[PDB]
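In the form deposited in one PDB entry, a lone chain appears below as structure tokens.
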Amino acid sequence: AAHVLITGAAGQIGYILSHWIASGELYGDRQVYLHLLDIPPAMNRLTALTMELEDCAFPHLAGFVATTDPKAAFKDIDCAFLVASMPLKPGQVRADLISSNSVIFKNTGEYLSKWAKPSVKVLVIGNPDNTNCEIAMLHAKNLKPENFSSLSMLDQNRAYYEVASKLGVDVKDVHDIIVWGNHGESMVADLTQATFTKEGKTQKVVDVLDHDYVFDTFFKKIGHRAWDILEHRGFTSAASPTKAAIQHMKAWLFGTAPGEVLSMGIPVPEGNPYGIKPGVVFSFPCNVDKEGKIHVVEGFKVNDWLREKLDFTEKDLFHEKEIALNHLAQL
């Protein structure tokens, strides 16, 4: 009954994402109808995808449609995973995709506004996803900022596992790790809020791990992680962001758990308590109520170190916006 869209479905992420969702991991007992969008030169792998979906005999898959037509893909969808993208060339960073992906998400915003449900929940994955989310949201007349978000939970999950290994505890035993701002080079892996509990006793991460590790070694490691996977894999990540994206969407759809804080790129809400200026999509510490509305988690402290990092990634986001939107105007 639930209609889920996946753009760039024929790609590496779309391949796994479609199967995992069809398995019933997103909507549980409720069936899913997959809208699979891609482009004609990828029509082969797109068909290859559907055939394998068919070959799973998923009882949670009510049906699907694989197309290159926007309308067929976006019509009356309940949520969307925007994974569409051109190839990231060797040696490039996420921001280098602005020139080739900006138009895609400009059009996507229009498609969403034109055909998707007003309650559509759009999760942007394709890089630069914070920016691409800004593009789509801007060019969606009939939709609001609350309909859009970008994926930063891969960064948080990276941070969670890393910190967990150094503290000698499980991931579930750590709390309030946050990745602020852009899912890019300037991402801010923040541990100044973080705590962990072991055998009844709670400790602050900064009081247990040395300064040099927390603010340099760790900070660098999380930012560079995506390229470390690329070095060993020969391609950027795929299975891990798929997991983060399903985790992200599921929380967005049905709400978060007690004490759960998720790094979610959202259009900067006016009156946010962390001094970030509106105009971009910014990763905040977020929760989601049982009616599916994201809320920035209040109460976290911003010392001089974090303030500077937030300013840097904020400046970075507004810069990407300048370059991206200017490219569209001339385009």
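We call the rigid core the largest set of C-alpha positions that still match within 1.5 Å between the two forms. Note that residue numbering begins at 1 and tracks the sequence as displayed.
The next section is about a form of this same protein that is not shown, the form deposited in another entry.
Among the residues 253, 86, 72, 257, the single one whose Cα moves by at least 2 Å between this form and the one not shown, once the core is superposed, is 86. With the core superposed, residue 144 shows a C-alpha displacement below 2 Å between this form and the one not shown. For residue 97, the Cα coordinates differ by 2 angstroms or more between this form and the one not shown after the core has been superposed.
Positional change of residue 197 between this form and the one not shown reaches 2 Å or more at the C-alpha, relative to the superposed core.
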